[PDB]
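Asks: For reference, the structure I am asking about is given below.
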Amino acid sequence: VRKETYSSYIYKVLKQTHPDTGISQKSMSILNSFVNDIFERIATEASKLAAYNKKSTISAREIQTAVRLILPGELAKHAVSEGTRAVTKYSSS
Amino acid sequence: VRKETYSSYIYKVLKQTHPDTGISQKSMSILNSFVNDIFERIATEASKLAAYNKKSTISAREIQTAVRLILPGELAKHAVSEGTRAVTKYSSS
Amino acid sequence: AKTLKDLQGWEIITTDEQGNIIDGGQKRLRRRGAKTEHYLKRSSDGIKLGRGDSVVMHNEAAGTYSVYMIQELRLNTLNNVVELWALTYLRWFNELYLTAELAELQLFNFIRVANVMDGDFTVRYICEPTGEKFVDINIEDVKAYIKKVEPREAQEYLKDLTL
Amino acid sequence: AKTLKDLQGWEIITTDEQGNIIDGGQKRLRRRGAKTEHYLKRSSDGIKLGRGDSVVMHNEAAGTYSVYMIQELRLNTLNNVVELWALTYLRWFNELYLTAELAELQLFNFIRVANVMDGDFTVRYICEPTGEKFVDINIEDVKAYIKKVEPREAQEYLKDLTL
Amino acid sequence: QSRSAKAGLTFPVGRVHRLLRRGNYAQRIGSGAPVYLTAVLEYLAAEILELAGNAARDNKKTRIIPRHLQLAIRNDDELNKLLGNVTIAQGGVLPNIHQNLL
Amino acid sequence: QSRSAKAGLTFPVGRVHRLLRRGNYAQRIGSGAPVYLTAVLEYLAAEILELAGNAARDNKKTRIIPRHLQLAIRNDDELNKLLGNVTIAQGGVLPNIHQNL
Amino acid sequence: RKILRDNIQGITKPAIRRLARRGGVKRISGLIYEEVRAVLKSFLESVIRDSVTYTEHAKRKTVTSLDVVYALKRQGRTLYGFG
Amino acid sequence: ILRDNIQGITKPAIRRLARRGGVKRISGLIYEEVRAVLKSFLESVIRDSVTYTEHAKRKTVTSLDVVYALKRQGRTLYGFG
Amino acid sequence: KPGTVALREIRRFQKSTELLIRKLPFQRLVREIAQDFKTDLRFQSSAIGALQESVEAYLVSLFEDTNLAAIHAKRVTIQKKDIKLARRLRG
Amino acid sequence: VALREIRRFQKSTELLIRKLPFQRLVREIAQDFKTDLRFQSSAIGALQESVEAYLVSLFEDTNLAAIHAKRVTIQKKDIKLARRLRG
DNA sequence: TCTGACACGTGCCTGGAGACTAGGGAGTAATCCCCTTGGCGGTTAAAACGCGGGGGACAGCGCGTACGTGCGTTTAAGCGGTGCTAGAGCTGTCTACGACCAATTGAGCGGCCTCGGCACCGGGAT
DNA sequence: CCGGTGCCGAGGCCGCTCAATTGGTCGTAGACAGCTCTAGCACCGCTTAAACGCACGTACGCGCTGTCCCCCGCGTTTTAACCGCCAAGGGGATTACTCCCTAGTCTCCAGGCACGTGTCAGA
């Protein structure tokens, strides 16, 4: 009871490209801890990066700079290209 | 201007055991960054340690557990023995 | 462009292969080998800004125009809303010399495009801001290596073509 | 002791060398080689609780007393206000067998001290809870290695003295 | 509709915002930061899921076992540079040999 | 009379408490936590300063140079394990040689 | 209260052999099985002690999978699939 | 403009660093490999420092920014902040 | 032929993903190591397998680098000096 | 002559790598990330004291990699393994 | 024998300390099960031991080639001293954006069927 | 791998507490704006340590061989690892309430920061 995992969202984002591929519960917990560790890494990097500028808030630029810090190479470029597209489709409404 | 360091306290704790030994300003900045790195290490350990038990109050138990997690060997064994001996004199007054 | 207030005159065109397609948000997947390309055309006239194009822009302090040869463009960086690394040109203070110096162009300077080749402008030789090493090579030989290969080797390619 | 409510009957005696001194808060410095020792005596009668002493305490479920041979004591750990790793003894269910099993004793159980040696109690042989390997060695031979050497080697020393 | 439906994503914006507020990262939290974070980790989960699906389709299997996730992470260069200090449960090892052995 | 004097230490308890409050490490902070961190910071600084003074006395110098601090750190065992991923500026390297050279 | 007298010998020699065949080792010397078990003891003496301090911070008496995965997360040996 | 500046650090400088490391003899083919190691190392550190500076809307990489970038990479430098 | 079924065992254990280290001796080892830290300390059964997976992935990463150090030293067998180097090259 | 140079460069704490070549090197590397980007005068010295520490920590381990293989002169394959084993 | 940076009184001002309030989070007691541990049979899959051998490990050697070292020789590195100027770090407004307080509600976390792709066999070529 | 049961485990289906969402409202930290001054860049020059070569012996890298011995591998014994199953028990949850302890806000003041001139290292 009251375990906020990432099971159904990962299962939904799997089936939107490869709908004929199942996923085990152990691999589901692996991906849950995977996105939880990436969330903890980006959140701690944004916390330290907002502390380094004497700021009190975390905007989208803070998380964008922290995720360009953490992820290496072209994957970070594709990640920020996805994130900026999503926030421009979100906020412009 | 109005940038707080630990310079005078390091100088005072040096001048009560080795009173005839000076200290350079470069080594002063080295020791200041050293104790600042240890401070942020213990703080970021106690933050994630209090997050693991769903608490919101960092106490002497949290910092004592984080500093026996960070410092290796008998150095932590002398460190917690000094810390408890100091906080008993503090809270006993 | 600098920010989203200046990014209201361009859109993200994400060509997957050498053909011109979009296929959603950058193929919806990160795919190696098939290196994606992005040239952003304005909706007023459709002027392409691609990897190897020569754009014209007035300088921030001079006022006299200058040509920038685009080496790379990175979508949605931190300070800028899109970054653009472009190779500079040498002004005669109409023949324009080539320069392998990278710089960054903002959207409030770019006016028109001009494919500067040898005989609206005329290239003579690759040069340097030091003032020597004139190598009479046009821009048609390096644009294929720019478009085909990532610029981590094309930088050393046009650095070795000089000197 | 468990907490500070039960730690009001002992004080920290920090002997630097083999002699009995205090010299402030653990020599005011961390010094290698001269390994510091701590035996905590109660202010009622001055009974020493040292590295190698055999204390008597009633068990938490049995009620019948048991002897604990102190192997190590660590000042101001996390759960307890001071931790005490002591070797257990075998009850006859008056001869007491030795056991190399570590355990932890709390302050609300310890009553008296008793230097159990061979012929208030009598040791016969080191044994095990399995019920065999009786090695007729008294406690006087191992207390010097306990007091002189850190227990990381004394654990393997009395483990190799058995079996 | 929720903020995830307004963003065009399938990952929870409000759960990430609640975890950011309860994780003691800052006193204040901007508006674009949780939707940016959900977009980033949604793209990361989608990429690791499609690479695991490619590893499963290269083994003629459908259910993604953790061995498929290990062989999908370690075969990619930038994911292995990202997950350099990782340990995956039931992953085994890469199929790898050196030329100075055979 | 102050908080650091009531603790009996030479390091600021109030600055540690203010930096713990402003550093986003928790929502609430107990009383014993900043004085415990003050005590352990004072102990660590006192130990590293005693070892640096030992290096300065063994090198016939009256001021702590960074070479004295690096020799004091790398000559110790547990301080080197605590500061393994630590590079000190203007200090060079610990003097050691291999037997097979 | 089990008399586990040097159970580091419980990791037997064909177990280290199988681990080396997984790692890609053709043949192993005979003076390695005494060393690899000491390396394993030195590694577990760090990570198990970190997990014990983690689980006795929370006034508990069970070492759960969250405790060992957090102790491995702090040591730069981040395990997945448990929390 | 700036090109082949990795040959500015020369093989006697690598000889000095190797004598500080404690070698006796080194090869003549290790210099390009040491330059290739240093290139990737300074590339990662300079890229992280540039990211830290470009976050703060600055146009000058500070010593505090580069010591934060070295702290994040597990190579915590002292004496600068 | 000698030395060809070792490559067969390598190909068997590289395609597989099972647990090479046994469960109960590793459990007894973890218990006797934590015996010096807390008496009567029970372990969750998921945590023992978690420690086993971390030990396995650490030991095969040590053994791969050890075999690489032996290969660089113009040998195909490993020695104690290789693992001593790999521990002094990884802290 | 050799071990005298080891004893000289192992006791003194001078700047081994030169200042202005290191300046031009970090400027050439940073020019691919931000053009017209300035550097603090303490930041380049911090980069030098970190780079010459990492290189010495690499060299004092590839010397162990050389003497492990019963040889004195190091090779490119020594430092390749010395970086590849931990980085 | 020389001098050139490091350390004791110096006004202050602004951050630390005391006091007086509530509110809210931990800390005592309290169920009750949801996980362990443990000891039983069992049976068998690796583990242990012994020998053969043969192929790699170590050691000596001899041809030799790349490398430390010695001595010109450029030559670019280090210090200084300019000028200048780009931007870091301030103060000041205010403003736009987030925290916090109720209301609501779909949603996304738990039970519950309902099938369905992987296992490992005969045995067949891998 | 054909393919057959089967199985046990994920996939839809239902479904109901509850935290995500909306709406005002206040309040408060960042965004512009100036400034200013400060630390960093360029450049010329002046010495000047030192990188850059050529020889040159020479000493270790490296290929060959030769011995030898130690571990790979197989065959027999053996023994405890895995399974499982029941049973006991104990500690990890989750109320609960309360209480005391710490955030907030004044409140007073003092302490520790920036100069600074007297004093102490190096060559």
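Residues are referred to by chain and number: the chain letter is A, B, ... according to the order shown in the structure tokens, the number counts from 1 in that chain, and ligands are numbered separately from 1 in the order shown.
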Write out as a VMD selection string every residue belonging to chain F that has an atom at most 12 Å from any atom of chain I, counting only C-alpha atoms.
Replies: chain F and resid 80 to 85
Asks: Could you take the residues named above and write them with N, CA, C and O atoms, as a PDB file, in the first residue's frame?
Replies:
ATOM      1  N   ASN F  80      44.704   9.427   4.493  1.00  0.00           N
ATOM      2  CA  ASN F  80      44.817   9.175   3.063  1.00  0.00           C
ATOM      3  C   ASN F  80      43.611   8.417   2.529  1.00  0.00           C
ATOM      4  O   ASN F  80      43.216   8.627   1.376  1.00  0.00           O
ATOM      5  N   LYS F  81      43.017   7.539   3.341  1.00  0.00           N
ATOM      6  CA  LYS F  81      41.802   6.850   2.921  1.00  0.00           C
ATOM      7  C   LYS F  81      40.603   7.788   2.920  1.00  0.00           C
ATOM      8  O   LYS F  81      39.682   7.615   2.113  1.00  0.00           O
ATOM      9  N   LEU F  82      40.593   8.777   3.817  1.00  0.00           N
ATOM     10  CA  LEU F  82      39.530   9.774   3.799  1.00  0.00           C
ATOM     11  C   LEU F  82      39.691  10.739   2.631  1.00  0.00           C
ATOM     12  O   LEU F  82      38.694  11.212   2.074  1.00  0.00           O
ATOM     13  N   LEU F  83      40.928  11.018   2.228  1.00  0.00           N
ATOM     14  CA  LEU F  83      41.186  11.999   1.184  1.00  0.00           C
ATOM     15  C   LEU F  83      41.893  11.346   0.006  1.00  0.00           C
ATOM     16  O   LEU F  83      42.904  11.861  -0.481  1.00  0.00           O
ATOM     17  N   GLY F  84      41.379  10.198  -0.440  1.00  0.00           N
ATOM     18  CA  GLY F  84      41.992   9.512  -1.567  1.00  0.00           C
ATOM     19  C   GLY F  84      41.800  10.256  -2.875  1.00  0.00           C
ATOM     20  O   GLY F  84      42.731  10.380  -3.675  1.00  0.00           O
ATOM     21  N   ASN F  85      40.595  10.766  -3.106  1.00  0.00           N
ATOM     22  CA  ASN F  85      40.304  11.562  -4.298  1.00  0.00           C
ATOM     23  C   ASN F  85      40.476  13.052  -4.002  1.00  0.00           C
ATOM     24  O   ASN F  85      39.588  13.872  -4.241  1.00  0.00           O
TER      25      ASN F  85
END
Asks: Using only C-alpha atoms, find the residues of chain B whose closest atom to chain F is at most 7 Å away, then write them as a PyMOL selection string.
Replies: chain B and resi 9-10+13-14+18+21-24+27+35+43-44+47+56-60+63+71-73+75+79+82-83+86-87+89-90
Asks: Looking only at the backbone, which of the residues in chain A does DSSP tag as alpha helix (DSSP H), as a ChimeraX atom specification?
Replies: /A:7-15,25-51,60-70,74-91
Asks: Which residues are close to residue 110 in chain C, i.e. within 9 Å by only C-alpha atoms (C1' of nucleotides), leaving aside same-chain residues fewer than 3 positions away? Reply as a PyMOL selection string.
Replies: chain C and resi 55-58+105-107+113
Asks: Using only C-alpha atoms, find each residue in chain D having at least one atom no more than 10 Å away from chain F; report its shortest atom-to-atom pair and that distance in Å (one decimal), rows by chain then rising number, as a Markdown table.
Replies:
| residue | atom | partner | partner_atom | distance |
| --- | --- | --- | --- | --- |
| D:28 | CA | F:43 | CA | 8.8 |
| D:29 | CA | F:47 | CA | 6.3 |
| D:30 | CA | F:47 | CA | 6.9 |
| D:31 | CA | F:47 | CA | 9.5 |
| D:32 | CA | F:76 | CA | 9.4 |
